[PDB]
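Only one chain is included here, represented as structure tokens and corresponding to the form deposited in one PDB entry.
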């Protein structure tokens, strides 16, 4: 069994294909705490032991990004994602991801050290209370931005270049890749902002428990921010709707504000692709800004899965 895992620090996205050929996708959050959760009978709990420490899944409080890729929690969050994927517990080969500035050094040269460190991480032994855990055998690592733009790059001429814009949970990374992956023109990593900016704006606009718990509510609002019908039903208060919308827009304006300043650091690209969970949130601005023709602008309605799908297609 081969599973493609885009383990971001906000959400872990899984992709793999079943015997009957159907391609499956799964998403598991990065929500854990350093202690087992006790259940006296009605709550199903996931209690792990990673190295010596016990961990458990739960809708905790939202509080490094980079350090996380080599952390014990990362391993736990991935196993947990496997355990809740529907897949049968088994030995599995995986392909995971490393952020652009972790996978590549300053000269856009792959960083061997980080890569081997990433692989070595899943070498950590994990156990599940009252249950069995998957067994991670082979581990390959792929850079983040590139796999999502590959099938487009194949079609590009060596002189054209795809500008890939990834808006994740806590970072915004942009890269420019030469046609037919014949070279990386530029990488711009910015870990100062992500969708969490908007997320927190919503949790505050509606005095909401700043915890992974309400993240589903915050998400629904962000996603259905243009449909007053949905907003009215999700929000039983009329007054809180105008408020959340104003707070949601200032945060969005900040996102668009930054991606645009950053794009002014890139030049010579002929095609544009927007990916990541928040792709939908900055899509219009960059399309407008770059003024690239419709047939050369790439976006999907499953943006949070563009990377792992691209990884799947490459190494399936």
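Positions refer to the first chain, counted from 1.
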How many missing residues of the deposited sequence lie between residue 63 and residue 64 in the entry, grouped as none, 1 to 3, 4 to 9, or 10 or more? 4 to 9
For the C-alpha atoms alone, is the average B factor greater in 44 to 52 or in 66 to 74, going by the entry? 44 to 52
Looking only at CA atoms, which has the higher mean B factor in the entry: 277 to 285 or 246 to 254? 246 to 254
Comparing recorded Cα B-factors across 114, 228, 108, 171, which one is largest? 228
The largest CA temperature factor among 166, 237, 138, 102 is found at 237
Split the chain's modelled residues into thirds by Cα B-factor; residue 180 lands in the middle
Using the temperature factors of the C-alpha atoms in this entry, rank residue 145 within its chain: lowest, middle or highest third. lowest
By its CA B factor, does residue 262 count among the lowest, middle or highest third of the modelled residues in the chain? lowest
Record-listed C-alpha B factor of residue 122: chain third: middle
Record-listed C-alpha B factor of residue 94: chain third: lowest
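Although not depicted, the form deposited in another entry is the subject of the following passage.
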Where the C-alphas stop fitting one rigid part and start fitting the other between this form and the one not shown, you find the hinge. Which of 262, 150, 242, 210 is it? 150
